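Encoded as structure tokens, the following chain is the form deposited in one PDB entry, with no partner shown.
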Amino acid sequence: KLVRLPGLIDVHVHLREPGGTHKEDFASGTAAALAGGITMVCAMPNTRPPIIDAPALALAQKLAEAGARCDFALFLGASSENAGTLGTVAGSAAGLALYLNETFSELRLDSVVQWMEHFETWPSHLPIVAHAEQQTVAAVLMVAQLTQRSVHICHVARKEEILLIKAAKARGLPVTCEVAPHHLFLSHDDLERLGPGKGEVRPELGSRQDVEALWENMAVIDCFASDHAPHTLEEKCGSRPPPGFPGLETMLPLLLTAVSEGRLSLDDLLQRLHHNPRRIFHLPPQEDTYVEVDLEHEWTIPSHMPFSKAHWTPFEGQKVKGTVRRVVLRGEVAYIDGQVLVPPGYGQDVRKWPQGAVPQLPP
């Protein structure tokens, strides 16, 4: 017998629209997400143009309302210039994202006092996520303490990063975090097959000592998220290859593979993949939704996946067992074998529903 899960939530996806549409658009990557069992996504702002002001937010909102097959929320991105400007639109976004590593020209921040400015100005009741690596995690965690608010750490990938987040929680601090599936299943010993051109993720894949620390500290991980960062194989193979892994399709397969192996339970999965995203980001229920998946179908991961324009994947040749069966969204039927049945534009900004409104008390 098969099993029906809730509509699952992926809170870190790069969707390339606008300004990278040959890599993926909303329609392409919302489709990749349903063929992987995700019904709500959170879009990062490092598009071109970057989503760093109300006009670019409104532009992304209109492009996404007409192209998203599942539901979605959009991230504002913190810049050197926009601290204190975003108060009008802060509630429409998934939250504010801080790019504290790998300096995009227009998402770069010059100093920690600039990080302070955002933690002050952004309304202390809406989410804040952080692209922080290594000691930067300690640094952003400090600005959170000073400004007496929560912070969400992105793409945790190192033994010291996760250990640092565990000590921050056991001391009671309001910090949450996420782990990407490449850092959970691949390592340095998978880098001879993937080479250097397509082995590009930030943060880089680490050691099996790193991967084992993530699995041993599963109770610190709040959420899984893909870091679905799709490029073409022509781009990753060349001179300046952008880091980032296409993974909205690959994700729920491997996480389901592990559950059969004991590695973690199933309420272990839905807590990281549905309940906590709803919790942390004040996201709402998607009434009359669910995902049927099989739990014995043994397969191998292909050379690429059906729907994502990426047209490759570094999980090529991993034997999994678990497959997306059906996906159905708000009274209608979205995914059934090899094809998707909801059209570009069926999805909606969850922040424009009222139960997606983030609770706030007037102080």
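The first residue of the sequence shown is number 1, and the count goes up from there.
One more form of this protein exists, namely the form solved in complex with a small molecule; it is left out here, but the text below deals with it.
When you look in the deposited bound form, the only residue of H131, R158, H152, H274 with a non-hydrogen atom within 4.5 Å of the small molecule is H131. For the candidate set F185, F75, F281, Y99, a heavy atom within 4.5 Å of the small molecule in the deposited bound form is found for exactly one residue, namely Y99. The stretch from 163 to 171, 222 to 230, 186 to 194, 250 to 258 that comes within 4.5 Å of the small molecule in the deposited bound form, counting heavy atoms only, is 222 to 230. Each of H14, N46 and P243 comes within 4.5 Å of the small molecule in the deposited bound form, counting any heavy atom. Contact annotation for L126: none of its heavy atoms lies within 4.5 Å of the small molecule in the deposited bound form. Taking non-hydrogen atoms only, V201 approaches the small molecule to within 4.5 angstroms in the deposited bound form.
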